[PDB]
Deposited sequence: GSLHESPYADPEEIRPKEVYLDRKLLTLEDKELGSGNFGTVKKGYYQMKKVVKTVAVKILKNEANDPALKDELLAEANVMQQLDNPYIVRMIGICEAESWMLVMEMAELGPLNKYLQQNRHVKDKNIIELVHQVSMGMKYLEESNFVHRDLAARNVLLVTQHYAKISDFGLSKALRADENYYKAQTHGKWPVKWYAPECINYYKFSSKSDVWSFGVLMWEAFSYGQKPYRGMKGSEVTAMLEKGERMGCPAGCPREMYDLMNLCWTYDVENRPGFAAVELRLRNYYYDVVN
């Protein structure tokens, strides 16, 4: 558990029903800059930190620890450039080569999450934080679930635009459920952080998916990458590729 050897800044990087996110510094005589989730239930915050605790990957946000003070406080290393969708909305100069590197970084941290038998559940362009223009990290483990050693999926928001059909129709979440979200994450990435399925409600998306209609190719997206998306958006999970195969394709087309 962390000590209050921690200095918070005043600005809110962000806020929500839980509390508010601030920048801070944790003194270890080299100080670390940190992002901090303060609650304004705790149990949820404890869950989420429990998840981050067992995770260790250059492409996942690190947790430093929990600080129990005037408020409950989840402390994480700080990804300085914030959310992918937001940075991309405001950096349309970002080139295709570079978006592919960023998503290949996501697939790699996802590859690891699948090997460690966690499901993310909320993999979206708003949950991928940028360390630099060339270094991406997955965040927000609030809806993540550790899988038991016997099951392949977890049985249950929601972020319905990012959800696979089996999640909405059955409530099953597996790592190939998150492959589906990653396909939507990639489409947002190539679209420079535009919302997916604009103006459509949940049930209209679901209806659209059942017809076999997918979202279009974004503007300057390389064809291999869009074909990668349709692969990700395989309707039937048994045939949808896991992150082992998403990551292999993405690493390949990068060289």
Would you flag the ranges of the deposited sequence that the structure leaves without C-alpha positions? 1 to 20, 49, 62 to 68, 185 to 188, 288 to 291
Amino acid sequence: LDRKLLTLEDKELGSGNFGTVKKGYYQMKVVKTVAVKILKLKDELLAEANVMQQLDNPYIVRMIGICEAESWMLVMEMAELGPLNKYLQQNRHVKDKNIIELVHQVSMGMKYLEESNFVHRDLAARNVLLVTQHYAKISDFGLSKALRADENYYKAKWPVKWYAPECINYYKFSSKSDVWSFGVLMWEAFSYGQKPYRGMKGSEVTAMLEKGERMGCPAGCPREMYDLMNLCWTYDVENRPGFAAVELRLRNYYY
From here on, numbers count along this sequence of modelled residues.
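Basically, rigid core = biggest C-alpha set you can superpose within 1.5 Å across the two forms.
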Core-aligned CA RMS in 9 other deposited structures of this protein: between 166 to 174 and 67 to 75 the higher one is 67 to 75
Compare the other PDB entries of this protein and indicate whether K37 is left unmodelled in at least a third of them. no
Taking only the CA atoms, which stretch has the higher mean B-factor in the record, 174 to 182 or 132 to 140? 132 to 140
For 115 to 123 versus 67 to 75, entry-based mean Cα B-factors point to 67 to 75
Of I38, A35, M52, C221, which one's C-alpha B factor is largest in the deposited record? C221
Divide the modelled residues of the chain into thirds by Cα B-factor and specify which third, lowest, middle or highest, holds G212. lowest
Within this chain's modelled residues, let me know which third the CA B factor of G24 belongs to: lowest, middle or highest. middle
Could you tell me which third, lowest, middle or highest, the C-alpha B-factor of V31 occupies within its chain? highest
Sort the modelled residues of this chain by their C-alpha B factor and say whether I168 lands in the lowest, middle or highest third. middle
Taking the values exactly as deposited, rank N152 by C-alpha B-factor within its chain and report the matching third: lowest, middle or highest. highest
